[PDB]
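Enquirer: Using only what follows, build the 3D model:
(8 chains, ligands or ions: 2)
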Amino acid sequence: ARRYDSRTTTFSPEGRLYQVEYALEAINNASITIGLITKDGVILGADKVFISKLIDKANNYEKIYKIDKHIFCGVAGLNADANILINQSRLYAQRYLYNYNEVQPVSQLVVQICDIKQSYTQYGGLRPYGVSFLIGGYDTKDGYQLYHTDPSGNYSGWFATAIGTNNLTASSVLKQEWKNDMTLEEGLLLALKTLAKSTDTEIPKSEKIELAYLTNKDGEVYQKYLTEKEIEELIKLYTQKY
Amino acid sequence: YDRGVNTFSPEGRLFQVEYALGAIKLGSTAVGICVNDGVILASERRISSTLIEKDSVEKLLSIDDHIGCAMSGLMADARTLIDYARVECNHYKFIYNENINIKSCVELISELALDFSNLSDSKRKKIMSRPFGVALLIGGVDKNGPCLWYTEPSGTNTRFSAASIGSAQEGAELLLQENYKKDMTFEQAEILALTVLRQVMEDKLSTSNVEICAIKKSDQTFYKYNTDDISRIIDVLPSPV
Amino acid sequence: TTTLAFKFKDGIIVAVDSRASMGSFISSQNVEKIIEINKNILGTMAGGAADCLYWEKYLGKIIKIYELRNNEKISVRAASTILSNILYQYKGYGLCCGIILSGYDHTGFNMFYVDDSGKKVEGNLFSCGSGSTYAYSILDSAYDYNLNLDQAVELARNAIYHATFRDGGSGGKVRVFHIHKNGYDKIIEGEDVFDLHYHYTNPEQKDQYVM
Amino acid sequence: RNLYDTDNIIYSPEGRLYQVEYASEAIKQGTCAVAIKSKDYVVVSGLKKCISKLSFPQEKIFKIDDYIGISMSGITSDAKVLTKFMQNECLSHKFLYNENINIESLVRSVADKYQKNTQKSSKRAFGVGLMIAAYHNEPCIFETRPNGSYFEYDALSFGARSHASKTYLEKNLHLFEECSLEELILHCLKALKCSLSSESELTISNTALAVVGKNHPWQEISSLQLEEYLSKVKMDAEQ
Amino acid sequence: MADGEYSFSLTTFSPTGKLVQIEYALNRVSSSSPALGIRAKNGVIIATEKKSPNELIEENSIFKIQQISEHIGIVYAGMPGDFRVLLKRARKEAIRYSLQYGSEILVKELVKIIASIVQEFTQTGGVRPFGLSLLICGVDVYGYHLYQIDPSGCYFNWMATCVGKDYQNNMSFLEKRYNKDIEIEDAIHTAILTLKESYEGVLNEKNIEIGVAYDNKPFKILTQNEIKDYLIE
Amino acid sequence: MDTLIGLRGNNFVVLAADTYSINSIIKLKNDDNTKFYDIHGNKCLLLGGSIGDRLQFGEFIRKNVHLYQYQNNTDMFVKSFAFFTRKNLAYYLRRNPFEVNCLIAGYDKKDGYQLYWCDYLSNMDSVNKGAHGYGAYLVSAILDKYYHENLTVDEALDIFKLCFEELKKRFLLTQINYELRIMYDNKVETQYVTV
Amino acid sequence: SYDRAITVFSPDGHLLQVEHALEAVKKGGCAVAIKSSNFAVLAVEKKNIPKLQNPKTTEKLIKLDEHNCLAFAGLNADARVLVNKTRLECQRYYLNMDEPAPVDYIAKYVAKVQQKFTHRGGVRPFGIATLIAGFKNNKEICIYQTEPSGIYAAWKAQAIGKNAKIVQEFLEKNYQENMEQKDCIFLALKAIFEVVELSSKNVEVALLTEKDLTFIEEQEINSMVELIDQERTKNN
Amino acid sequence: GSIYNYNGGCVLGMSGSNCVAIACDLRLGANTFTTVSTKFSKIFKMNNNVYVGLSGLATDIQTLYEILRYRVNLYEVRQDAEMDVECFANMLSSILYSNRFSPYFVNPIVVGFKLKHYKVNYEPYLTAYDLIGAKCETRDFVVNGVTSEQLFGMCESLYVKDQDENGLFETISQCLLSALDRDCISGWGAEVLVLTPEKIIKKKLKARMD
Ligand SMILES: O=C(NC1CCCC1)[C@@H]1CCCCOc2cccc(c2)C[C@H](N2CCCC2=O)C(=O)N[C@@H](CCN2CCOCC2)C(=O)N1
Ligand SMILES: O=C(NC1CCCC1)[C@@H]1CCCCOc2cccc(c2)C[C@H](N2CCCC2=O)C(=O)N[C@@H](CCN2CCOCC2)C(=O)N1
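Expert: Numbers count the residues shown, from 1 in each chain, chains lettered A, B, ... in the order given. Ligands and ions are numbered 1, 2, ... in the order given. The protein structure is shown below:
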């Protein structure tokens, strides 16, 4: 039966892990997911992949997910693998709350999920998870945070970043336009700009945009998942400003 | 690769064991000499640079008070085997209140080395997934007097009066065969060991690139050689012609 | 049983009696209640004979393995921690162990008391066994850190003697070992307390002493 | 490429298990051993492999129990695992039943240990053969193979160039039954010598010899007795 | 076997990043008898093509539309044995939820649990993916739902959809005549018309199964006579 | 019995204990050091009960909290530390209980100076003042009577001195040797008191 | 549970998985550790996208316990898992001995873990090499270097990761004993910049003493970088 | 039995018209007679429509509250909605029974609103439990704790159907205070939470402190 083993967790002649490279190719083939930090909160935006006009576009976010009250993620890659890992990370946040009676710092949650991914790359004979996460949140220790994870269990903090297809264009737009002290509105307009420019267009379309942000206001951390109407308002504002 | 670890070749040899045999041919050369008054182990150290601390690296480890060991091949595997031997020798000493015979230590080491074969589930289960790729010289003094034993990845243990391991195994063995004598005294054993090492060492013999230990029959205590002892030996060496 | 140890200016004195009992019957008067854990650490046995012997020899094995593996001498504190953890793992099982670990290491002279309940107490003067209150009273009454070796040995002997005099569980011989920087010496291998009584309390030997 | 000799659980189109056959092939590479028996005695003789001039000869025969000993050919570590198993089975039988184990039952247990290592892809066959000599109501010699089969013999030999010893044994098989212990020892030693290399001899160093019989617990022969026997063999070989 | 060294993934990544086993399961689904579901104003309908191979087979013995609990129904396109296993698991999870929380399992929760079960079989060692797609319809406090579950374990929220044979053309036919404000009768007629346009020949009360959940009522599988009435027009 | 006392003010928290190590009817030591468990990051666990259980539970808590702080390169919040301690004690309560009473103190910017009172059953609450042991019966009313918010550190130490005098005078075990941990102004100080 | 032997002997007698892990290590950033009388300096290359990536998040130079630190080269995720195992072992040692773990003990433990991961079915080796600076039980400062095969040694100064040969040869002819803290920091900066672009933001530097681990400030690094640029231009 | 006397404490739930109230004493006892705390609330907010009152052994109170918070948070993040009060009540019953033979020594009550979504109607919801999860759904009042008999007498005598928020507050506060005044091991303060669909009013009563 060894003749059927594909040897997923085996080093390649160049110290590379081929399954991880292929999972990264799959992630690079997914729709764009962006994130950026303002002084008013973390913004996550995403392009929706069209399937049919019959999909139920009401209260159906499929690329941005709530992990906890103070944490939320964007997904790039295989959606079912992402669903598994999102369930796991929700469990991890609640476990930290159970054990310590306080909400989990964002970096600790990112570390736990990235450990899951690394373990799949090192132990066993199973394929890795084909998902990259943009995890953003707030906690008193480190303020507003934004992280990027890849299948290898790697991660890193960012002030703005993009994953998925054509992340180069979106990243260049963010590098040119992201500033160190932006307001929520400015952040949302910049997110709309980078989404529009990565999708090869000029005016973005509400039907294809998921936008959410996470603010710590008056002491409560609160997450807003913009509807098609709010996104339409922002699209009008963007077409005014450009 | 294509094969499994436990595969026989058409000539009835385990492929993995044979490949492991090709790994023991590497590393610094060590020589063991066992005469009636005590066993002596000598080894060259291949210091890689001036930045490496000589104290850290060492090819002559003590397994028990009365047992020393020289090693060759993969050093991490050798250290694993040596740690296991230390634990087992001390367990024997605890449950029997006496020093373990050297041959018994060699047997324990050889069984640990062959654990990868998965031949039987008795006592612990299989954990090692491959041979160790290590050859050892284990000398010591037990109730039967001094003795020098050799173990290798195939699990065969052989007793010698003098032996050699490492890169210059063959030249050192040639020098030992034609010079060793059974009635040699200890000082002559030291002279022979350092002469052989100097003859086969790429570098020039000196107190810093040679390590020595001996288990004398008088006290059955493994003893490491400091600089004065090595200098004393080096002085009485013959000419390098 | 009476064991004791104390620090003084030249090191550590360790003294014990040598009686072993099965109930009220004296099983032996030549048992050895000081056990060399290693070249620089001595252990004393109080309580269950099998428990003390087994777990102190087991500690000796552990320490031998440690000192081979790490090419250095273990500390008395580490040895006591290992022993206390091992014993605590048997809590509720009914082990009877009263142990004093004394030795020299790179932090100087050290002394710990370890019992089966997991207790681990650093200190400079300990006593264990049925006779330990008597040894304590004698030592505290006449203890000075600046005693010389002869005075320290004499005090240890006298304390053991008084313990064996008042305690039916202690007797036989007094052994007084001296721990110093380069190991330990047996100052008094074993001296019958019989002579000690007619030396200290009733030297006249002309009538029965009256408590 | 055979395409059928890679795994130990795969039959070839001819119905053969190649990995097990290779394990057997390992047996032919070992040093020669000879076992023969009279009506009261079994004598085992074998050549002790010597690695080099400064090396001590390898051990060829081993005591299992008071009246049981073995010789092996093949992978030494395998033989050691089997030796430990047999010694433990015998001692455990004495411990439980206060009697010496039945030799047939022990050999069957050994053969079942052999067999169990041939049915799973995660195992390999023991690459060693065991020659077993005991006295249990009668002298007996057994052989065990890597495939899990065992056989009883009246005279037996295996190892490198054991066909010459087998020729000698077949020739004189009729004699062994009625010959004395001294004669039986001479026969075993001569059969072993028949397997020697051209330049080699039989010396106290390189020759292992054990006897076991009716009132004769398994016992290796001492250097003095061994030397006298070897001298007698040489002298009556000159004839 | 199921443990030890013999537990390695049979679905692995290709150089382009695709998991071809999932694609092949998808092809297997796309070759199966069509199924579809429609979310109407006050109910949700799931309908399927059940073409009897021979006059000997008993139609009632084969139901491609099953009830998971009160108010939740399920239909599949693909391999029937896989469907049986997943239907048993879905019923088990419904009752597990019901035992914990007393009330009936919310459709979304069931769909997520089943999708995770499906996903496991694309990653765990020694197995193939499930070769089917599921349509799960139901009614709960939060309205009417129609969900699809793919062999990969992804799930989609639909107003109306079709899986199985030539589902692109069926999808165009269904999207040409679906509004969010249809009624139960209009939805059933639309489902029947879609299946007719797909099925080659003439449909009947024996060639189709239909299941409804409407007006806050328990899930119901239309009998032969009810479908016959729907087919009279 | 081991007497433990804790008092938190707006600007400080003070813990205090007797310094006796007891083996049956004799004092092994008059300067016990197995009660206070200083924890990196302005935290302190004070324990009473059997010495063996004290050592085991306290060193376990200290090591786990240090591990957390090294792994996450940050200081654990005092409240998180208190509830981690309580939860571990409650885990072992129904399996192999640690018969230990705890006072948990610390400072952090989020909550200021905090004091938690936890008993051997892992009943815990945050308090302004608390005590454990039989001497709690004799110090609790003094704590109540003389405590007020805005108390200064010197005033709190005078309150503790009142408590120590009462323990020496009226408690069956005449405790006269004490050790105090004072946390205030971003520094932890140790004091020893004889009455 | 997967149990296949991933690391096996090639016909040549090599553990090819170990050499591939070594390749991974050679793909990592450079790290340098220099020893002194009672302190060590550790430096490591930094890679960070300007104005978008956060520099404070990625940590190649980390603290194991009270007195031991670690730098590593190779796969970051492997490094994180190994580092967390090492911190756990540090605390376990403290619990079992009532003393903090010495540096040599921790180096031996890390090497044991790596060797073990070359010798167990169903796992691949760690693709990391590590530099471990800390104090022995005699309070002496030591630096150990471990590798994916599990072999370790103590060094007066060592570099790991990409282009480590150039840094090693540079350190051989420039390292002295008992250098002052300023000069040791400068030597570490020169060693790291022998193979990495000259810039303050391309290197992170820390200093290890008995007290604690202290990272050298940005302005100090920039001043030392200007000194290096001046010496380079003047040498050309 | 005596385990429940170790700490003391009690909880009380009451409903009015479009309002519901939950009240508890504030004492943390020890050894049945020593008061160690006077701010130990037995009332916990699961979500805006679900409160739980936990009397009994304080360690078990805290442990069970943490378990319930974990479960509710997981359920609500997965579902993206607030947990219905009845689902929560059944879940609490199942959690308590899962420890049927080594139970948590707790005497819970659940108080909140059952939402009937048409506009939304808010129906008061009350349930009292035993330690193994047996449930008592009620419309007027629920009680639990060592003070149960006194609370039962006060409620049976004083409860008035369909009271507005102020009448509800006065009634539940009087019931709690009168019951507490007859208990040696309960009291030392009372917190009263009066719930409406629009606001929550939290009050601390000037109660007896002996
Ligand atoms: O003197 C003693 N301690 C001193 C002497 C050395 C160290 C200090 C103790 C004094 C009482 C110890 C109580 O804790 C126990 C723990 C476990 C078991 C038992 C007792 C019961 C056991 N019993 C009772 C009758 C049958 C039997 O097995 C038993 O009392 N054993 C004797 C051993 C006496 N000798 C045995 C051989 O020779 C050396 C010593 C024994 O432990 N005495
Ligand atoms: O973080 C955890 N798991 C990590 C540790 C390993 C990997 C992950 C979970 C957290 C899950 C939270 C869900 O809510 C509960 C579910 C079931 C039971 C209980 C609570 C109550 C139970 N209680 C409360 C006090 C007495 C007792 O038994 C209890 O807390 N169980 C602990 C296990 C504790 N041990 C686990 C290993 O570590 C040492 C301690 C437990 O479930 N932890």
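
Enquirer: rest of the way, CA atoms for contacts and neighbours
Expert: Fine.

Enquirer: so what's the residue in chain C positioned nearest to chain G up against?
Expert: As assessed by Cα to the nearest Cα, chain G sits closest to residue C:78 within chain C, at 4.3 Å. With contact taken as Cα atoms under 8 Å, 6 or more residues apart in numbering or on different chains, residue C:78 is in contact with G:96-99.

Enquirer: Look at it and give its secondary structure.
Expert: Three-state call for residue C:78 (DSSP: H, G, I helix; E, B strand; the rest coil): helix.

Enquirer: ditto for residue G:51
Expert: Once three-state DSSP is applied, residue G:51 turns out coil.

Enquirer: picking that back up, now flag whichever of the contacts of residue C:78 is closest to chain C.
Expert: residue G:97 (4.3 Å).

Enquirer: Kindly provide the distance from that closest one to chain E.
Expert: Here residue G:97 is placed at a distance of 37 Å from chain E (Cα to the nearest Cα, to the nearest Å).

Enquirer: Now residue H:107. Its backbone dihedrals?
Expert: Main-chain dihedrals, residue H:107, degrees, to the nearest 10: phi -130, psi 80.

Enquirer: Next: residue G:32.
Expert: Taking degrees, to the nearest 10 as the convention, residue G:32 sits at phi -130, psi 140.

Enquirer: just the helices in chain H please.
Expert: In chain H, helices defined by DSSP state H lie at H:2-7, H:58-79, H:85-98, H:148-158, H:165-180, listed in chain order.

Enquirer: I'd like these laid out as JSON lines, including distance to residue F:30 and mean neighbour count.
Expert: JSON lines is the format used below for the helices of chain H (distance: least, Cα to Cα, whole Å; neighbours: other Cα atoms under 10 Å in any protein chain shown):
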{"stretch": "helix H:2-7", "distance to residue F:30": "33", "mean neighbour count": "17"}
{"stretch": "helix H:58-79", "distance to residue F:30": "34", "mean neighbour count": "19"}
{"stretch": "helix H:85-98", "distance to residue F:30": "48", "mean neighbour count": "21"}
{"stretch": "helix H:148-158", "distance to residue F:30": "49", "mean neighbour count": "17"}
{"stretch": "helix H:165-180", "distance to residue F:30": "46", "mean neighbour count": "20"}
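
Enquirer: okay, these in JSON lines with distance to residue B:24 next?
Expert: Listed next are the helices of chain H as JSON lines, based on distance: least, Cα to Cα, whole Å:
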{"stretch": "helix H:2-7", "distance to residue B:24": "69"}
{"stretch": "helix H:58-79", "distance to residue B:24": "57"}
{"stretch": "helix H:85-98", "distance to residue B:24": "60"}
{"stretch": "helix H:148-158", "distance to residue B:24": "81"}
{"stretch": "helix H:165-180", "distance to residue B:24": "84"}
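
Enquirer: and ligand 2, which of these is closest to it?
Expert: helix H:58-79 (4.5 Å; Cα to the nearest ligand atom).

Enquirer: Mind giving me the packing neighbours of that closest one?
Expert: Under the contact definition 3 or more Cα pairs under 8 Å, 6 or more residues apart in numbering or on different chains; DSSP states H and E, helix H:58-79 sits against helix A:79-100, helix E:107-120, strand H:43-47, strand H:50-56.

Enquirer: The second one and chain A in contact?
Expert: Pointing back at helix E:107-120 there. Yes. On the criterion Cα under 8 Å from any Cα of the partner chain, helix E:107-120 is in touch with chain A at E:115-116, E:119.

Enquirer: Spell out the residue ranges of the strands in chain D.
Expert: Per DSSP state E, chain D carries strands over the ranges D:33-37, D:41-47, D:61-65, D:68-74, D:128-135, D:139-144, D:150-153, D:155-158, D:207-213, D:216-220.

Enquirer: Check the offset of the first one from the chain's centre.
Expert: This points to strand D:33-37. How far strand D:33-37 lies from its chain's middle: 8 Å, per Cα atoms, centre = their mean, to the nearest Å.

Enquirer: Now do that strand against strand D:68-74, angle only.
Expert: 150 degrees (axes from the mean of the first three to the mean of the last three Cα atoms, to 10 degrees).

Enquirer: Strand partners (parallel or antiparallel) of strand D:33-37?
Expert: If you go by DSSP bridges, strand D:33-37 pairs up with strand D:41-47 (antiparallel), strand D:155-158 (antiparallel).

Enquirer: Ok, the third one next?
Expert: Partner strands for strand D:61-65, per DSSP bridges, with pairing direction: strand D:68-74 (antiparallel).

Enquirer: now the strands: where do they sit in the chain?
Expert: Using chain A here. Taking DSSP E as the criterion, chain A carries its strands at A:33-37, A:42-47, A:64-66, A:71-77, A:131-139, A:143-149, A:155-157, A:160-163, A:209-217, A:220-225.

Enquirer: try chain E instead
Expert: Using DSSP E, strands in chain E cover E:35-40, E:43-49, E:65-69, E:72-78, E:132-140, E:143-149, E:155-157, E:160-163, E:208-214, E:220-221.

Enquirer: Residue 62: how many residues sit nearby?
Expert: Chain wasn't specified; assuming chain A. 17 (other Cα atoms under 10 Å in any protein chain shown).

Enquirer: hmm, I had chain E in mind actually
Expert: 11.

Enquirer: who are the neighbours in contact with it?
Expert: For residue E:62, the contact set (Cα under 8 Å, 6+ apart) is empty.

Enquirer: try 10 Å this time
Expert: Counting by Cα atoms under 10 Å, 6 or more residues apart in numbering or on different chains, residue E:62 makes contact with E:50, E:52, E:80.

Enquirer: Surely the second one is in contact with residue E:59?
Expert: Yes. Counting by Cα atoms under 10 Å, residue E:59 is a contact partner of residue E:52 at 7.0 Å.

Enquirer: Next, show the common contact partners of the two.
Expert: In contact with both residue E:52 and residue E:59: E:206-207, using Cα under 10 Å, 6+ apart.

Enquirer: hmm, back to that, out of the helices and strands packed on helix H:58-79, nearest to ligand 2?
Expert: Closest among those, using Cα to the nearest ligand atom: helix A:79-100, at 5.1 Å.

Enquirer: near chain G, anything from that closest one?
Expert: No. Helix A:79-100 is not in contact with chain G by Cα under 10 Å from any Cα of the partner chain; minimum separation 17.0 Å.

Enquirer: tell me the angle of that helix relative to strand A:131-139?
Expert: Using the same axes, to 10 degrees: helix A:79-100 against strand A:131-139 is 30 degrees.

Enquirer: For helix A:79-100, what is the distance to the chain centroid?
Expert: In terms of Cα atoms, centre = their mean, the centre of helix A:79-100 is set 15 Å apart from its chain centre.

Enquirer: The closest residue to chain A within chain C - how many residues pack around it?
Expert: Nearest to chain A, among the residues of chain C, is residue C:89, at 25.4 Å (Cα to the nearest Cα). Neighbours of residue C:89 under the rule other Cα under 10 Å: 13.

Enquirer: what's the answer for residue D:228, then?
Expert: Using other Cα under 10 Å, residue D:228 has 12 neighbouring residues.

Enquirer: Can you pull the residues of chain H lying near chain F?
Expert: Residues of chain H lying close to chain F (Cα under 10 Å from any Cα) are H:7, H:28-30, H:34-41, H:57-63, H:102.

Enquirer: ok, now with 8 Å
Expert: H:28, H:36-37, H:40, H:57-59, H:63.

Enquirer: Over to chain C?
Expert: So far as Cα under 8 Å from any Cα goes, chain C lies against chain F at C:88, C:117-121, C:123, C:126, C:133.

Enquirer: hmm, 10 Å instead?
Expert: With the criterion set to Cα under 10 Å from any Cα, chain C comes near chain F through C:84-85, C:87-88, C:91-92, C:113-128, C:132-133, C:136.

Enquirer: Chain G now?
Expert: Residues of chain G lying near chain F by Cα under 10 Å from any Cα: G:62-66, G:80, G:83-85, G:87-96, G:98.

Enquirer: That concludes my questions; thank you for your assistance.
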